[PDB]
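Colleague: Encoded as structure tokens, here's the structure I'll be asking about.
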Amino acid sequence: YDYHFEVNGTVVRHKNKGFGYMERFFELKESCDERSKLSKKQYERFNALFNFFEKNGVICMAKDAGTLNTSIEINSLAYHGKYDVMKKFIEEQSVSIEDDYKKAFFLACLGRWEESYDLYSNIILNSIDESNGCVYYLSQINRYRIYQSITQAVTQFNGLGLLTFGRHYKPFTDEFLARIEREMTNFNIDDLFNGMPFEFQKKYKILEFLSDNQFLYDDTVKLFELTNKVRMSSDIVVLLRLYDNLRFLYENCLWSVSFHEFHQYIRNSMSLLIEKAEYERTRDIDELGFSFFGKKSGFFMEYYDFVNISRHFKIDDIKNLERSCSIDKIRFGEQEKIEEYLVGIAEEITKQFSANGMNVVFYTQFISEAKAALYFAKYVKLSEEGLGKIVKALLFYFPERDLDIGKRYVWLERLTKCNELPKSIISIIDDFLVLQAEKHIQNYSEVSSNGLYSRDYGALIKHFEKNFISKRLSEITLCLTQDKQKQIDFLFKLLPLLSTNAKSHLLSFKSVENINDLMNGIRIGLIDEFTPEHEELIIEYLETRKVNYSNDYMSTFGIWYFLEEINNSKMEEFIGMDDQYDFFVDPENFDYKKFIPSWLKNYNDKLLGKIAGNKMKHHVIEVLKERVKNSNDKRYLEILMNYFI
Amino acid sequence: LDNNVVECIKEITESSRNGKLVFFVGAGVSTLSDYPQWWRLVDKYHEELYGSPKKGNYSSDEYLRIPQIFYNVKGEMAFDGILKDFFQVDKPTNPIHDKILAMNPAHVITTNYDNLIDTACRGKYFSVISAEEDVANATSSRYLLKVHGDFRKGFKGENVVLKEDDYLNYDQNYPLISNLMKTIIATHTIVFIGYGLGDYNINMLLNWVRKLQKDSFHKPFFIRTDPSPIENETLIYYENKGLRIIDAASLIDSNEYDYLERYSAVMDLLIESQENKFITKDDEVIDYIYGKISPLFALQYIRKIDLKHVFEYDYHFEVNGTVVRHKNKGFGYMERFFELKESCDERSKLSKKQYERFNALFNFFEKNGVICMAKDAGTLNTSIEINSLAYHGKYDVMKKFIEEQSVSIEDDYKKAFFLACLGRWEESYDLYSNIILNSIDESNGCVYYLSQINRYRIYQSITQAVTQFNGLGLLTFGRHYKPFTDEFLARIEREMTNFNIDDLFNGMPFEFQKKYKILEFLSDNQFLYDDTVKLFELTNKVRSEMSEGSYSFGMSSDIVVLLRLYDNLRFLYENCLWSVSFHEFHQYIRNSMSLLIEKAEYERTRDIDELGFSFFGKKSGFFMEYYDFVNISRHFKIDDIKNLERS
Amino acid sequence: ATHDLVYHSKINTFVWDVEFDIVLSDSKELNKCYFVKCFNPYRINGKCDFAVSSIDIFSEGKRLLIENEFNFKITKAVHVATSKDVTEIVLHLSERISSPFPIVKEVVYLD
């Protein structure tokens, strides 16, 4: 405590009551003649100290601060996730014990926990003397941590797994588990530091915290400074401390970087930082000016921020961050490195799926990072080749058990916002659709969670290209017959993509007879055109209900009439039974006392806009105003502000 | 099992847990690895000297006389050569070595001149002492003391005690090693293993022990493994000499040439008994719970979330007042205690003293709000109450209490806390120093620890005051001069130069560090960790609802925040801790109150609860009581209240 | 049993983990099925504009193909937690709300 070493590289005096040795050292560093009044031994010691201090980024004293800008730089292959490089490095023969330590850490990071435990035991056996006790201590700690992680994997893999993951999938043998339990029958890590030689305890005091259950309480408590609402800043201090912790944990090859506490700390820090930045932007806009500040948030997002968010965040956490901390106004920094990282992720996914060498332990760690990175890649502008590789890896080789068809469509639609569809991506999606069509040839059906299916891919293709025709799908449906019903249904879902001759040949396999046929066909297939005969069928249904005078049928035709999809005066002869139909058919004479505002929660953008364009507008505005005044409902206010104002 | 065996196992387990266990290893353990025995070397010496051996005539004296005669006649080089020929072999380690090391012994003293116990020592660091110059050059504080001269420096006969001449001049040749071994025996708990009851070394040890007094030394344990069961008279005679014998033949049946699992039965029983809390009846439950809870009777209130540290992660103590089994494998002692509490008919099955202990435990658990188990919990209703005058801000009553004459040390503690709360930091510091001075004679020591922590915090407050005062620039007040006369400031600085708050807890007695484990967090920010994390999580959940317009219809999640808030406030304000003046605590309370108020305002104006559900249930209510007003007043700034009013 | 009931006001629905023994109109009987509602206001559409929420029916864990949705025979409601009868609460909550499907099992927000 003789000095305070600030996170920006400055040193100040705190409790030094004796000689200011550090100031003299800096004075020697700056000068050159003063440097030369030392002996040879002292000169080489000074050179080594200078190299170490420059490597660890200690710049100067507080008084002599000049042009202080800090940039982080982590030099670990494990952080950047260059899996093939570490795989190659593991094979090569080691020279010293430090290479063995690094190999053990890389093996642990690659999911080969048994080999890593064995290598740690070997390092423990070999290294016991005499000044490298740091390696021995770190090896003990890492071995204990790997034992803990193996026990927890066993715990959440005997239960909540097995077929629910796909197969019993015993990660490790039972002989290894028995040996592990026997070797650590009563191991205690709390006394590990106190058993070391007294010279190790005196010298390497700063490593004591590695033997504790928790070591991040100081930073988590300090994170409260980002919630102050009172008008270097705390943002820079917190970010630099976070980078320091990450660099220390990753460059020294410590296995604590894979526990829940560290992930929670990272999530809390990043979320609070982004919240503070957004709040400051909002306050500045409120007081200073509408656009004087520029409306650009000051939180520049770089490559390391993207990597941390991808690695340590779940999907729900990213969703919360998006909802509360609007990101589209946050501009990303280095894009080439981010693109290379995403391309590497895609290539690793391709290798893992294709080679069939799935590592069950490594899969659980890797798939969450892959999913988070692909979800967050929406805000990054990607080149054509990287986008093509990412789309290929996501659509084809991504495991189905973790991304069903609907989630894959959601990811794909996200990826197209800032990049749009070039020809190659459309070709890839067409190939995927062709593969799915061939797969439908059976006891097979698509399973989705969000309710989105293969139709949406063709819908998106048509949205980005109105004049696209799938030649392969046309050839598939030209050879189609009447035996395989599900193939006809699937091609019906992709009706507009097929060619005209294919369309005409396909129509032969399904025709509409009754009102059920009409509603079903327009519901799933495409009967966009309203022929007069279909209209007559609807009129027959309405007459049947009229003379006969409960789910929803009539409101659908009322809305279709209001949207001018049906043009006829017979609709006015069916006024009185269903109030919604009367409202959508006859607005001028409709009794608005029967109107209920909940109907406004079931209409899309186009229908709401068309309603706003019809004059009915003032009564709806009054109803929405009363609803907002009575109960503070966000949906009603959003609708009223977006469409009726 | 026999009662005495159970008592011995319990004592050994307790000593091992405390880290005061030392293992005395004999020669049978090395024999289990088929290492050459001394009688074979005696036979070889007899063959080389006389020509033919004789099995019948080999007494205890002969085993020492024959090698001495061989050394005297043939010389020295032949002795070393024969030792090299017979002892250079290498043998694998024994499972007994691993079982011994698995008991976590502080020291291992062995009369073996081998390396098996060294080779088997897995990943443990022991400083090996096998000569005289190695006693001073020890690197660590854990000793592997090879009494009889290991072969590390060579295979000569001068580095080991084998013959009769070496045995005779052992005290003169090795004073340091003998003194160190005697000190270790006198201090720690000694367990012998692999020794025959008639061995020379044990006889010498008992001869030395007979000189000591009748109270000073503990009785060493002795694990005896011989084919025949021990006799009554021999056991009584050796127990009168200071040994407590645990016989292995009476623990497991075996044939006469069985040695490996004879050792293994006792060793495995000892290893397994470490986690086994020996409890079968309700009296044992009451005694164990009282033993683990009674030290906390000094503290007025204990926050529930910390109880999981008291019971070594055996039970989850939730804030709402319920208890859940988490990692218990024993006879569910808390469940049995609750069953005793609920039914008064079984309360007559305990003795009088245990009945009074149960009454005290029931009162203590009722005071802290711990009600019952998880599933049995029904309509638990919880109230809040703080019994500190400082919290309510009744300044005149605290001044009157300061003026009134104190009769004990707790009154002095409370007076110091009130003085600190009143801004009289000089008098409070002096009174805290007086409390530390007069706390030499005590029974628990918690007051001393808390007073030292409070004094250090007051030091920080004074220093930061001085700083802001002089820095601000005398704008407030005339000269902005605190009552801090430079003499006083100076004295404080001199008295607090070397005080290190990190090593305060480590320097406390062992009993304090074993009983008051929870207090360790009071010296840093760790005690606010387990709450803060949770709070953040809950925030990220609650707002996640408010964006989706989702209205729950049961118990909200803000109850956890409110209960943890009140637990922390009560614990800090009722034990008279100065940590209530920190910035971090104020920020924590501010965030908790802001979240509660935002959630209440969101839930106030529902949409469809009245239209429909309201016939069935309507529990939405947040009442701003007196305590909420006090917390908002104390822990909030004007800007924060303005932001809350805007939202 | 009512503690897990949730009200979602963005689509005017109730989330409750129950099973429906619905009887489809014209004597068709169905075992313990349920519903899933998804909220998507940005879907690309043609003439089927009158929708922001898509409702799927799950029976025995498999999606039921819809041909004529007119089931109005209610259902013997079974709370799958510990097999409670909550039919009356369901019928009340349904009459209280004008939405087509008043009770679902899980809601997916695609916003």
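Convention: chains lettered A, B, ... in structure tokens order; per-chain residue numbering from 1; ligands numbered from 1 as shown.
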Identify, on the basis of only C-alpha atoms, every residue whose closest approach to region 166-182 of chain A does not exceed 10 Å; exclude the query and any residue fewer than 2 positions from it along the same chain; express the result as a list in words.

Modeller: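 My reading of the contact set: residues 113, 114, 117, 147, 150, 151, 153, 154, 157, 158, 159, 161, 162, 163, 164, 184, 185, 186, 359, 360, 361 and 401 of chain A; 98, 99 and 102 of chain B.
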
Colleague: Counting only C-alpha atoms, which residues of chain A come no farther than 8 Å from chain B, as a short mmCIF file (atom, residue, chain, number, x, y, z; two decimals) with N, CA and C atoms, in the first residue's frame?

Modeller:
```cif
data_model
loop_
_atom_site.label_atom_id
_atom_site.label_comp_id
_atom_site.auth_asym_id
_atom_site.auth_seq_id
_atom_site.Cartn_x
_atom_site.Cartn_y
_atom_site.Cartn_z
N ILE A 124 2.04 -31.72 -11.69
CA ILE A 124 2.19 -31.69 -10.23
C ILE A 124 3.31 -32.61 -9.80
N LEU A 125 3.35 -33.82 -10.36
CA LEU A 125 4.39 -34.78 -10.00
C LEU A 125 5.78 -34.26 -10.36
N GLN A 140 -2.33 -27.21 -8.92
CA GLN A 140 -3.24 -27.73 -7.90
C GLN A 140 -4.62 -27.09 -8.03
N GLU A 183 -9.23 -40.10 -5.42
CA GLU A 183 -8.07 -39.22 -5.30
C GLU A 183 -8.40 -37.93 -4.57
N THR A 185 -10.82 -37.61 -2.09
CA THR A 185 -11.77 -38.06 -1.08
C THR A 185 -12.00 -37.01 -0.01
N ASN A 186 -10.95 -36.31 0.41
CA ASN A 186 -11.09 -35.28 1.44
C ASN A 186 -10.22 -34.07 1.13
N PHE A 187 -10.02 -33.76 -0.15
CA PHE A 187 -9.19 -32.62 -0.51
C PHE A 187 -9.81 -31.32 -0.03
N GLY A 195 0.11 -24.31 3.31
CA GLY A 195 1.06 -25.41 3.32
C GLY A 195 2.31 -25.20 2.51
N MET A 196 2.39 -24.10 1.76
CA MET A 196 3.52 -23.83 0.90
C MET A 196 4.70 -23.29 1.71
N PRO A 197 5.91 -23.38 1.16
CA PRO A 197 7.08 -22.84 1.88
C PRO A 197 6.92 -21.36 2.17
N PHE A 198 7.52 -20.92 3.28
CA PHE A 198 7.31 -19.56 3.75
C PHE A 198 7.84 -18.52 2.76
N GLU A 199 8.82 -18.89 1.93
CA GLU A 199 9.29 -17.95 0.92
C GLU A 199 8.25 -17.76 -0.18
N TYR A 217 -16.25 -10.13 -5.43
CA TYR A 217 -17.25 -9.34 -4.72
C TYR A 217 -16.94 -7.85 -4.78
N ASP A 218 -15.66 -7.48 -4.82
CA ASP A 218 -15.30 -6.07 -4.83
C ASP A 218 -15.84 -5.38 -6.07
N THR A 220 -18.27 -6.44 -8.16
CA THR A 220 -19.72 -6.50 -8.21
C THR A 220 -20.34 -5.44 -7.30
N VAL A 221 -19.75 -5.22 -6.12
CA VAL A 221 -20.25 -4.16 -5.25
C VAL A 221 -19.95 -2.79 -5.85
N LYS A 222 -18.77 -2.63 -6.45
CA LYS A 222 -18.41 -1.35 -7.06
C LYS A 222 -19.28 -1.00 -8.25
N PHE A 224 -22.17 -0.46 -8.39
CA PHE A 224 -23.28 0.41 -8.02
C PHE A 224 -23.10 1.84 -8.51
N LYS A 229 -28.08 8.62 -10.37
CA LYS A 229 -28.86 9.51 -11.21
C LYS A 229 -28.53 10.98 -10.97
N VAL A 230 -27.47 11.27 -10.23
CA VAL A 230 -27.09 12.64 -9.93
C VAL A 230 -26.29 13.20 -11.09
N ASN A 268 -23.55 -8.59 -15.68
CA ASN A 268 -23.96 -7.43 -14.90
C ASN A 268 -23.19 -6.19 -15.34
N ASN A 320 -33.29 -8.92 -23.31
CA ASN A 320 -33.54 -7.86 -22.34
C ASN A 320 -32.69 -6.63 -22.64
N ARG A 323 -34.24 -4.81 -25.48
CA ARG A 323 -35.49 -4.14 -25.13
C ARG A 323 -35.25 -2.86 -24.34
N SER A 631 -56.65 3.25 -17.91
CA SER A 631 -55.60 2.31 -17.57
C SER A 631 -54.39 2.57 -18.46
N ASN A 632 -53.22 2.68 -17.84
CA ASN A 632 -51.99 2.95 -18.58
C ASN A 632 -51.56 1.67 -19.28
N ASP A 633 -52.11 1.46 -20.48
CA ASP A 633 -51.78 0.30 -21.30
C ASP A 633 -50.80 0.72 -22.38
N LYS A 634 -49.72 -0.04 -22.53
CA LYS A 634 -48.68 0.33 -23.49
C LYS A 634 -49.10 0.04 -24.92
#
```

Colleague: At a cut-off of 9 Å, using only C-alpha atoms, what residues contact region 432-436 of chain A? Leave out same-chain residues fewer than 6 positions from it and give the result as a VMD selection string.

Modeller: chain A and resid 395 to 396 454 457 to 458 470 472 to 473 476

Colleague: For the residues in that selection, give me C-alpha atoms as a PDB file, in the first residue's frame.

Modeller:
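Done, and the output landed in part_6.pdb:
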```pdb
ATOM      1  CA  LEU A 395     -29.028 -23.229 -42.582  1.00  0.00           C
ATOM      2  CA  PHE A 396     -27.385 -26.585 -43.290  1.00  0.00           C
ATOM      3  CA  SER A 454     -40.861 -23.326 -44.758  1.00  0.00           C
ATOM      4  CA  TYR A 457     -38.506 -18.604 -46.557  1.00  0.00           C
ATOM      5  CA  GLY A 458     -40.287 -18.375 -49.899  1.00  0.00           C
ATOM      6  CA  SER A 470     -37.242 -22.005 -58.589  1.00  0.00           C
ATOM      7  CA  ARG A 472     -35.421 -27.210 -59.351  1.00  0.00           C
ATOM      8  CA  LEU A 473     -38.733 -26.988 -57.494  1.00  0.00           C
ATOM      9  CA  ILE A 476     -39.718 -31.593 -58.720  1.00  0.00           C
TER      10      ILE A 476
END
```

Colleague: Do you know which residues are at most 9 Å from region 259-266 of chain A counting only C-alpha atoms, after dropping those on the same chain fewer than 6 positions away, and could you put them as a PyMOL selection string?

Modeller: (chain A and resi 149+214+216+219-220+242+308-309+311-313) or (chain B and resi 533)

Colleague: With N, CA, C and O atoms kept, could you save the residues just selected as a PDB file, in the first residue's frame?

Modeller:
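The result, stored in selection.pdb:
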```pdb
ATOM      1  N   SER A 149     -15.815 -29.218 -11.996  1.00  0.00           N
ATOM      2  CA  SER A 149     -16.590 -29.129 -13.228  1.00  0.00           C
ATOM      3  C   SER A 149     -17.020 -30.504 -13.721  1.00  0.00           C
ATOM      4  O   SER A 149     -18.126 -30.651 -14.253  1.00  0.00           O
ATOM      5  N   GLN A 214     -15.019 -17.266  -3.581  1.00  0.00           N
ATOM      6  CA  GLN A 214     -15.432 -16.068  -4.295  1.00  0.00           C
ATOM      7  C   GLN A 214     -14.298 -15.057  -4.282  1.00  0.00           C
ATOM      8  O   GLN A 214     -13.638 -14.865  -3.258  1.00  0.00           O
ATOM      9  N   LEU A 216     -14.708 -12.052  -6.676  1.00  0.00           N
ATOM     10  CA  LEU A 216     -15.178 -10.937  -7.489  1.00  0.00           C
ATOM     11  C   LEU A 216     -16.218 -10.090  -6.766  1.00  0.00           C
ATOM     12  O   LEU A 216     -17.001  -9.394  -7.418  1.00  0.00           O
ATOM     13  N   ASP A 219     -15.652  -5.978  -7.242  1.00  0.00           N
ATOM     14  CA  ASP A 219     -16.107  -5.349  -8.478  1.00  0.00           C
ATOM     15  C   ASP A 219     -17.627  -5.348  -8.576  1.00  0.00           C
ATOM     16  O   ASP A 219     -18.227  -4.363  -9.024  1.00  0.00           O
ATOM     17  N   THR A 220     -18.268  -6.442  -8.162  1.00  0.00           N
ATOM     18  CA  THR A 220     -19.724  -6.497  -8.206  1.00  0.00           C
ATOM     19  C   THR A 220     -20.341  -5.438  -7.301  1.00  0.00           C
ATOM     20  O   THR A 220     -21.343  -4.812  -7.662  1.00  0.00           O
ATOM     21  N   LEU A 242     -12.670  -4.242 -15.902  1.00  0.00           N
ATOM     22  CA  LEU A 242     -13.173  -5.471 -16.508  1.00  0.00           C
ATOM     23  C   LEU A 242     -12.162  -6.055 -17.485  1.00  0.00           C
ATOM     24  O   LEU A 242     -11.903  -7.267 -17.484  1.00  0.00           O
ATOM     25  N   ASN A 308     -17.028 -10.595 -25.813  1.00  0.00           N
ATOM     26  CA  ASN A 308     -17.527 -10.820 -24.460  1.00  0.00           C
ATOM     27  C   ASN A 308     -19.034 -11.033 -24.454  1.00  0.00           C
ATOM     28  O   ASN A 308     -19.540 -11.930 -23.767  1.00  0.00           O
ATOM     29  N   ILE A 309     -19.767 -10.221 -25.217  1.00  0.00           N
ATOM     30  CA  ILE A 309     -21.218 -10.359 -25.257  1.00  0.00           C
ATOM     31  C   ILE A 309     -21.612 -11.699 -25.863  1.00  0.00           C
ATOM     32  O   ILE A 309     -22.549 -12.353 -25.396  1.00  0.00           O
ATOM     33  N   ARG A 311     -19.810 -14.506 -25.805  1.00  0.00           N
ATOM     34  CA  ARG A 311     -19.408 -15.637 -24.977  1.00  0.00           C
ATOM     35  C   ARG A 311     -20.218 -15.739 -23.690  1.00  0.00           C
ATOM     36  O   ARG A 311     -20.636 -16.838 -23.310  1.00  0.00           O
ATOM     37  N   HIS A 312     -20.450 -14.623 -23.002  1.00  0.00           N
ATOM     38  CA  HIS A 312     -20.954 -14.669 -21.635  1.00  0.00           C
ATOM     39  C   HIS A 312     -22.449 -14.405 -21.508  1.00  0.00           C
ATOM     40  O   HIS A 312     -22.964 -14.418 -20.388  1.00  0.00           O
ATOM     41  N   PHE A 313     -23.161 -14.182 -22.606  1.00  0.00           N
ATOM     42  CA  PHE A 313     -24.570 -13.822 -22.559  1.00  0.00           C
ATOM     43  C   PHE A 313     -25.431 -14.952 -23.104  1.00  0.00           C
ATOM     44  O   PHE A 313     -25.064 -15.609 -24.081  1.00  0.00           O
TER      45      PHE A 313
ATOM     46  N   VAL B 533     -25.889  -9.285  -5.982  1.00  0.00           N
ATOM     47  CA  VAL B 533     -26.078 -10.121  -7.167  1.00  0.00           C
ATOM     48  C   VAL B 533     -27.554 -10.436  -7.350  1.00  0.00           C
ATOM     49  O   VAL B 533     -28.157 -10.111  -8.381  1.00  0.00           O
TER      50      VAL B 533
END
```

Colleague: Per residue of chain C within 9 Å of chain B, which atom pair is closest and at what distance in Å (one decimal), using only C-alpha atoms, listed by chain and increasing number, as a Markdown table?

Modeller:
```
| residue | atom | partner | partner_atom | distance |
| --- | --- | --- | --- | --- |
| C:2 | CA | B:554 | CA | 7.1 |
| C:3 | CA | B:554 | CA | 4.5 |
| C:4 | CA | B:554 | CA | 6.8 |
| C:5 | CA | B:553 | CA | 6.0 |
| C:6 | CA | B:552 | CA | 4.9 |
| C:7 | CA | B:551 | CA | 5.2 |
| C:8 | CA | B:550 | CA | 4.7 |
| C:9 | CA | B:549 | CA | 5.6 |
| C:10 | CA | B:549 | CA | 6.2 |
| C:12 | CA | B:608 | CA | 8.9 |
| C:92 | CA | B:612 | CA | 8.1 |
| C:93 | CA | B:612 | CA | 6.8 |
| C:96 | CA | B:612 | CA | 5.9 |
| C:97 | CA | B:612 | CA | 8.4 |
| C:109 | CA | B:548 | CA | 8.6 |
```

Colleague: Which is closer to chain A than all the others in C:76, C:105, C:47, C:28, using only C-alpha atoms?

Modeller: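 Looking only at the distances to chain A, the closest residue turns out to be C:47.
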
Colleague: Please identify every residue of chain C that has at least one atom no more than 9 Å from any atom of chain A, counting only C-alpha atoms, and report them as number ranges by chain.

Modeller: C: 9-12, 36-56, 62-63, 66-72, 98-100, 107-110

Colleague: Using only C-alpha atoms, determine which residues lie at most 10 Å from residue 572 (chain B), disregarding the query and same-chain residues fewer than 6 positions distant; provide the list as a list in words.

Modeller: residues 301, 302, 303, 566, 578, 579 and 580 of chain B

Colleague: What does the distance from CA of residue 514 (chain B) to CA of residue 293 (chain B) come to in Å, to one decimal?

Modeller: 11.8 Å

Colleague: Would you return as a PyMOL selection string the members of region 403-492 of chain A that DSSP assigns to alpha helix (DSSP H) on this structure's backbone?

Modeller: chain A and resi 405-415+423-439+455-464+471-478+485-492

Colleague: Which residues come within 10 Å of residue 97 (chain A), counting only C-alpha atoms, excluding same-chain residues fewer than 3 positions away, as a list in words?

Modeller: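 The contact residues come out as residues 94, 100, 101, 102, 103, 123, 126, 127, 132 and 135 of chain A.
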
Colleague: Tell me which of B:647, B:159, B:300, B:37 sits closest to residue 173 (chain B), counting only C-alpha atoms.

Modeller: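 Nearest candidate to residue 173 (chain B) out of B:647, B:159, B:300, B:37: B:159.
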
Colleague: According to DSSP computed on the backbone, where in chain C is there strand (DSSP E or B)? Give the residues as a PyMOL selection string.

Modeller: chain C and resi 6-8+13-15+19-20+22-24+28-29+33-39+53-59+62-63+75+78-79+84-85+103-104+106-109

Colleague: Just want the 12 Å neighbourhood of residue 6 (chain B), counted on only C-alpha atoms, with same-chain residues fewer than 6 positions away dropped. Output as a list in words.

Modeller: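 My list of contacting residues is residues 12, 13, 246, 251, 266, 269, 270, 273, 276, 277, 278 and 279 of chain B.
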
Colleague: Would you compute the distance between CA of residue 27 (chain A) and CA of residue 64 (chain A)? Give it in Å to one decimal.

Modeller: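 One can read the CA of residue 27 (chain A) to CA of residue 64 (chain A) distance as 10.7 Å.
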
Colleague: What is the distance between CA of residue 475 (chain A) and CA of residue 442 (chain A), in Å to one decimal?

Modeller: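 These two atoms are separated by 20.6 Å.
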
Colleague: Pick the closest to residue 73 (chain C) from C:101, C:23, C:33, C:59: which is it, counting only C-alpha atoms?

Modeller: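 Closest residue, counting only C-alpha atoms: C:23.
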